[PDB]
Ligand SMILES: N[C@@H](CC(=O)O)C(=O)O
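Shown here is one chain on its own, the form deposited without this ligand, set out as structure tokens.
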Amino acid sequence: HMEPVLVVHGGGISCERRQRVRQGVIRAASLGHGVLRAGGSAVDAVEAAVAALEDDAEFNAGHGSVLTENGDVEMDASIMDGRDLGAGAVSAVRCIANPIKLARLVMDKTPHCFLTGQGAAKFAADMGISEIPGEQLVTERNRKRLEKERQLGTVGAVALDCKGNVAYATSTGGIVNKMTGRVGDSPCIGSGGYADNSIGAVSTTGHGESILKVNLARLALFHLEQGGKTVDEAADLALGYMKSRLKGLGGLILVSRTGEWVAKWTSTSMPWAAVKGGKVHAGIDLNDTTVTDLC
């Protein structure tokens, strides 16, 4: 039996904002950790944590997603089971409250790993999931950001369950003013995340095009798997390469198969929280990390 670990991240700050964002990552991580403490799977727990961050309007996924060039919300998500490399993903999903829950259904109920657009909507209907009015996903802060851009990152979770299984989930609204039908890294296995019981699990955030081009999640783990490196060093190398090769900035969370974990970023900030044992860890910048008793 392994001691379970759940890590979450938000994206990339009106001080009353800092505090709600911090509260949101702590809530989603404690929620996912609760699943693991009850004997649920790593997959069950990442789904739960990421669906909570989707429902939280302060984060760029589900409700609160950034807007496309058309003032529309288009969402991407992916989930992976490190035991059998099971995977599900959805891209350019519209009018769906919880894209990560649809991605998990692609994984579990179809022989495919990735559905897009109208195909993903049809499958959602076949699963009994209802469409919601598009404007319910849109916030006034995001309308404003859209106008500004015409003259935020992802959400994610990694887990290690009591049986030694790892999983990631990632979900996002994308990048503000994106072209209709743009697909970023978050639904793409290898880039937005990767999970393998032989190594570990990763979920990423940042400049999606750079993340895709270096396959950042899978890269962090190649570094971990070849030896002589801790989770910290493996993550700094992977993010180090993205920055040096492409100038692309971002962040990642990583949990090894032995339960060591890290949150690292080369952007200015990355909301994150982790729960292991009886302690909750969280922060946003280099200097504001806190640790408190779980309850």
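The first residue of the shown sequence is 1; numbering continues from there.
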item	value
Deposited residues lacking coordinates between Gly12 and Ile13 (none, 1 to 3, 4 to 9, 10 or more)	1 to 3
Missing residues, deposited sequence, between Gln151 and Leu152 (class: none, 1 to 3, 4 to 9, 10 or more)	10 or more
Residue stretch of maximal mean CA temperature factor, 197-205 vs 126-134	126-134
Higher-scoring stretch by recorded Cα B factor average, 106-114 or 140-148	140-148
Out of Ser30, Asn60, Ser41, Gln226, highest CA B-factor residue	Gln226
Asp185 - which third its CA temperature factor falls in, relative to the rest of the chain	middle
B-factor third for the C-alpha atom of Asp72 within its chain	highest
Among modelled residues of the same chain, the CA temperature factor third for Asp232	middle
Relative C-alpha B-factor of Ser65, binned into the chain's lowest, middle or highest third	lowest
Assigned third (lowest, middle, highest) for the C-alpha B factor of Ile100	lowest
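FYI, the form deposited with this ligand bound isn't displayed, but the following is about it.
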{"property": "Location of this ligand contact in the deposited bound form, chosen stretch of 178-186, 193-201, 138-146, 94-102 [non-hydrogen atom, 4.5 Å]", "result": "178-186"}
{"property": "Contact flag, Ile211 vs this ligand in the deposited bound form, heavy atom cut 4.5 Å", "result": "yes"}
{"property": "4.5 Å heavy atom contact, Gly82 and this ligand in the deposited bound form", "result": "no"}
{"property": "Distance check, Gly88 to this ligand in the deposited bound form, heavy atom within 4.5 Å", "result": "no"}
